[PDB]
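Visitor: Sharing a structure here in structure tokens format.
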Amino acid sequence: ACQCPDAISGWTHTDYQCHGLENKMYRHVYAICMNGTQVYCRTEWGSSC
């Protein structure tokens with residue numbers, strides 16, 4: 001769920017955090033746009049906590 005005005009030039013993500021209610025780790029995946037912006041694309045879910 002993300003789109004850049006022209007194109008995606010790169011790919012990054014925040015670090016995993018524990019979700020206190022879900023008891024599961026999540027992080028945010030961001031695409032880097034050609035224009036310099038970042039767009040939040042998905043939430044990645046990891047191991048338990």
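Residues in the structure tokens are named by chain (A, B, ... in the order shown) and by number from 1 within that chain; ligands are numbered from 1 in the order shown.
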Need to verify the contact set: region 14-31 of chain A, 8 Å, only C-alpha atoms, exclusion of same-chain residues closer than 3 positions in sequence. Can you return it as a list in words?

Guide: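 My reading of the contact set: residues 2, 8, 9, 10, 11, 38, 39, 40, 41, 42, 43, 44, 45, 46, 47, 48 and 49 of chain A.
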
Visitor: Could you tell me, as a ChimeraX atom specification, which residues of chain A DSSP assigns to strand (DSSP E or B) when given the backbone?

Guide: /A:8-13,17-19,24-33,38-48
